[PDB]
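S.K.: Before anything else, here's the structure in question.
Only the coordinates and a few stated rules stand behind these numbers; no lab work does.
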């Protein structure tokens, strides 16, 4: 019973923690994309003005 309680704990925490890992991985990806595109358009405007 302790083994199955542990295994339930392992599958539950593994599921929520790994899904948090990929979810914040894509969150990091879209934050990088919006920051990169903002810096790209700003640097392009800066260089075209200079």
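S.K.: Need one number: convex hull volume per residue for the chain, Cα atoms only, in Å³.
M.R.: Convex hull of Cα atoms, per residue: 34 Å³.
S.K.: Output the 0 to 90 degree angle, nearest 10, between the alpha-carbon long axis of helix 2-49 and the longest principal axis computed from the alpha carbons of the chain.
M.R.: Once rounded, one gets 0 degrees.
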